[PDB]
Amino acid sequence: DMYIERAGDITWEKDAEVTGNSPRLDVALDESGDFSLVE
Amino acid sequence: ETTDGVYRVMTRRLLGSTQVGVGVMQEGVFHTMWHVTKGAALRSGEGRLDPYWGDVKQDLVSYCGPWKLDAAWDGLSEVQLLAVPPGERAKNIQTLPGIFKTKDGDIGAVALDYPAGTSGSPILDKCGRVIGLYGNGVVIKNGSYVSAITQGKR
Ligand SMILES: CCC(=O)N[C@@H](CCCCN)C(=O)N[C@@H](CCCCN)C(=O)NCCCCCNC(=N)N
């Protein structure tokens, strides 16, 4: 049995850390809602 | 509590209190990813939230009402993941999305790696609107994780 707990407002943070790259990927989505790489 | 904002999804079925995911309360509707709750009812204090709409292929579910989030990534600008990791304070991570290319179109994707219980954390644009939820993705040749920016239909 699950319950929810508030964790914050949804707001843009002006001085957020910036990280992560921007890969362009060929993917497929199956009926189960799973993405797979197409190569 | 029904205030707008981001919420942890917790269970006490396993050892201690376990965070299984995250979601978004907006306009009286709770939004999370299907794989977090598997469509099951939720407790909010002394109140009960019943599922209203869900779709396994989209990996989304809404409670108390229809899906309300309709902002979309603009394809150009940096976004922020509002990551809510298990046992850790909410924190904003800014990134430039990549792209999932599919036979049915392209969607934004964020190459950020967080614990499984972070599933459902919102991704926001510079106006603070939720453009999708984090936690359904793929593992790249490098072993890294990339999450679709998963958005429903309003
Ligand atoms: C933990 C393994 C993993 O990355 N699974 C992928 C799916 C790959 C499918 C390949 N066909 C995934 O997206 N999981 C989802 C649940 C399944 C959703 C099903 N619709 C999940 O736990 N997301 C939360 C973040 C997990 C980050 C994992 N990071 C690494 N693997 N380095």
Side-chain angles (χ1 to χ4, degrees), chain A residues 1-13 16 18-38, chain B residues 1 3-11 20 22-26 30 34-35 37 40-45 49 56-59 78 80 82 84 90 92-100 102 104 109-112 122 125 127-128 130 136-138 146 148:
Chain A
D1 194 84
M2 299 176 170
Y3 59 101
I4 64 181
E5 289 182 348
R6 193 167 191 274
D9 294 1
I10 297 174
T11 65
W12 184 271
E13 183 183 358
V18 194
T19 200
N21 61 304
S22 321
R24 292 181 173 174
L25 304 169
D26 297 325
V27 301
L29 175 65
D30 68 14
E31 189 178 275
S32 297
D34 297 333
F35 289 106
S36 286
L37 293 176
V38 180
Chain B
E1 183 175 33
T3 315
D4 283 5
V6 64
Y7 288 69
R8 307 172 192 274
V9 181
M10 314 285 304
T11 181
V20 298
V22 181
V24 172
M25 188 77 62
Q26 183 177 305
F30 190 67
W34 183 275
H35 76 258
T37 68
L42 298 174
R43 204 181 75 246
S44 189
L49 310 191
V56 158
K57 186 172 173 174
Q58 296 179 51
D59 197 24
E78 290 194 333
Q80 286 190 2
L82 181 53
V84 183
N92 298 67
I93 309 295
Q94 184 158 324
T95 195
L96 177 75
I99 301 171
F100 279 1
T102 79
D104 303 317
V110 294
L112 304 172
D125 63 20
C127 291
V130 176
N136 194 23
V138 295
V146 184

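Reminder, nothing fancy here: chain letters follow the sequence lines and each chain counts from 1. Below, each value reflects all heavy atoms present in this structure, side chains not excepted, and no hydrogens, waters or symmetry copies.
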Query raised in the report: By a 4.5 Å heavy-atom criterion (distance strictly below it), what part of B/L112 contacts chain A: side chain, backbone, both, or neither?
Result: side chain
Query raised in the report: Side chain, backbone, both or neither: which part of B/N136 has a heavy atom under 4.5 Å from chain A?
Result: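 Contact with chain A is through both the backbone and side chain of B/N136.
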Query raised in the report: For the candidates B/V9, B/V24, B/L96, which exhibits the highest count of non-hydrogen atom pairs separated by less than 4.5 Å from chain A?
Result: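 Max contact count across the listed options: B/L96.
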I need the [X] [atom1] to [Y] [atom2] distance, nearest 0.5 Å.
{"X": "B/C127", "Y": "A/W12", "atom1": "SG", "atom2": "CH2", "result": "9.5 Å"}
{"X": "B/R8", "Y": "A/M2", "atom1": "CZ", "atom2": "CE", "result": "15.5 Å"}
{"X": "B/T3", "Y": "A/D9", "atom1": "OG1", "atom2": "CG", "result": "9.0 Å"}

Report task. For the pair B/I93 and A/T19, evaluate side chain to side chain contact (heavy atoms under 4.5 Å, CB included) and give the outcome as yes or no after the intermediate values. Result -> CA-CA 7 Å; B/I93 309 295; A/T19 200; 3.7 Å; yes
If you define the side chain from C-beta out and look only at heavy atoms, does anything of [X] sit under 4.5 Å from [Y]?
{"X": "A/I10", "Y": "B/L82", "result": "yes"}
{"X": "A/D1", "Y": "B/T11", "result": "no"}
{"X": "A/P23", "Y": "B/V146", "result": "yes"}
{"X": "B/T102", "Y": "A/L29", "result": "no"}
{"X": "A/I4", "Y": "B/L49", "result": "yes"}
{"X": "B/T95", "Y": "A/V18", "result": "no"}

Query raised in the report: So, for B/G5 and A/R6, which heavy atoms are closest and what is the spacing to 0.1 Å?
Result: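 Taking B/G5 first and A/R6 second, the nearest heavy atoms are CA-NH2, 3.9 Å.
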Report summary line: Tightest non-hydrogen contact, residues A/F35 and B/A148, listed as CE1-CB, 3.6 Å
Query raised in the report: What part of A/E5 lies closer than 4.5 angstrom to a heavy atom of chain B: side chain, backbone, both or neither?
Result: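 Contact with chain B: backbone and side chain both.
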Query raised in the report: Is B/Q58 reaching over with its side chain to a backbone N or O of A/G33, donor-acceptor style, under 3.5 angstrom?
Result: no
Report task. Output all residues satisfying side chain to side chain contact (heavy atoms under 4.5 Å, CB included) with A/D34, sequence neighbours left out; order by chain, then residue number. Result ->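 A/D34 satisfies side chain to side chain contact (heavy atoms under 4.5 Å, CB included) with A/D30, A/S32 once adjacent residues are dropped.
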